[PDB]
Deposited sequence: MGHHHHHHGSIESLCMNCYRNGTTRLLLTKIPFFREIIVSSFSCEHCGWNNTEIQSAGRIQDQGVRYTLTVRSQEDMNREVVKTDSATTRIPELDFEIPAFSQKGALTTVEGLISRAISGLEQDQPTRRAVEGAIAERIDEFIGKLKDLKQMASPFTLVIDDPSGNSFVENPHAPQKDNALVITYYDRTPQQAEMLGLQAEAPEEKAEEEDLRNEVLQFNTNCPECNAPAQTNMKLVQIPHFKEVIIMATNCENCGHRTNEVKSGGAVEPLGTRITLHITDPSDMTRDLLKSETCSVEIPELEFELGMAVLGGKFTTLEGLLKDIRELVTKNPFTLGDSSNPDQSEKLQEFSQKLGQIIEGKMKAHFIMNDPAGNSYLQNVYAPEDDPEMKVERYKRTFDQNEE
């Protein structure tokens, strides 16, 4: 973007850095620089996505000057030319910067480009389209004025006033309060969540410095947890552990997901160090401390499981060749099929401590294919 330098009055360069913020707002950073005199400046502006009021531009077109007017037309805007009973309804076209004449030329092209086909296969309809196209083309000869109406409930559409600071009598601009219909059509204060804050802290056994990574995880659809990942350099002590940070003493949780859709792959997923994972169709269960303490996705976990199991074969307790296991090859094939979306299976996460999460893509509503059972674990066979 070429912009005037206020320090030397040459043209320099403006870079625009845009940031989305919650609740239909945007920050625009305009960073100016001039290579010639070295001057530089930055302005930070905050903008709403939606204006307070809808806008309606009613332009009487009389001259080439009017035809040359720049037009910004948002996707939510309706366009009409009432003298031709013509309408481009909202959401027919994507947002665009054009001109008044450009608008009309694009409409002509939209009708005209397929007329060779239409004239061949639908003669009578094509004849009436040809007749309308001629009416649009006639507007460019400008023997009579016509009206262009652009009505946008978002308020973001724009029609240029080519008469500079002077008045623009040919263009009547009205503003209106949106109906609830208009508001809903547009998808109508702060979101200060901190989903993850991460820091190194002491070794929980040896008090060595900065040996444990601690992640405070505070997502909306799940209780606060702290993930601790140790890997000691001074003592060798290694552990991954998820702990509940809130008041609720967690019960056991058994989550059963029926995997029915490739979309299931992107479900978010925390597995704790006490969470067993089972895929009953594949006769497979993972140890509780395995491949977890990790915030991942279902696809991420399944691919990890595929690597662990099928890419690290061994034999313990017999003389069989670990690289020739029928059941391992069967497992690899079927897991691949689940990952690719070509096979349905149940995925069960069972955590007696309730420190594990699987995204419910229907939240806060129930997922028909996901069942969560809660239970109390009173007995530990390893000694409690």
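Within the chain's deposited sequence, the coordinate-free stretches run 1-10, 199-208 in sequence order.
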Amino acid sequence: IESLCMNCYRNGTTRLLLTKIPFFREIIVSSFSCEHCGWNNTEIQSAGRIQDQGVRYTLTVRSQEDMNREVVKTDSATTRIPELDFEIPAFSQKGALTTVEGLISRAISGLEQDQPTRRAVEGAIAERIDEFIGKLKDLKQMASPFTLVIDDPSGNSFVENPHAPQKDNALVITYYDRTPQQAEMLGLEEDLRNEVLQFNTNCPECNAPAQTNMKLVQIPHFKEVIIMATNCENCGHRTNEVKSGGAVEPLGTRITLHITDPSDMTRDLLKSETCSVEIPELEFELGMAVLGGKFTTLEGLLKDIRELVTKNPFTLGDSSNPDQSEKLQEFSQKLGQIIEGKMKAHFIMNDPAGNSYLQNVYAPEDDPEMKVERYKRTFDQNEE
From here on, numbers count along this sequence of modelled residues.
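With 172-180 and 73-81 compared on mean CA B-factor from the PDB entry, the stretch scoring higher is 172-180. In this entry, 237-245 has the higher mean Cα B-factor, the comparison being between 145-153 and 237-245. When the C-alpha B-factors of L286, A96, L302, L139 are ranked from the entry, the top spot goes to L139. Across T256, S272, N312, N202, the greatest Cα temperature factor reported in the deposited entry is at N202. In the PDB entry, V277 places in the lowest third of its chain by CA B-factor. Among the modelled residues of its chain, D130 has a C-alpha B-factor that falls in the middle third, as given in the PDB entry.
In the deposited entry, the Cα temperature factor of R306 sits in the middle third of values across the chain's modelled residues. When the modelled residues of the chain are ordered by C-alpha B-factor, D351 sits in the lowest third. Ranked by Cα temperature factor within the chain, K371 sits in the highest third according to the deposited record.
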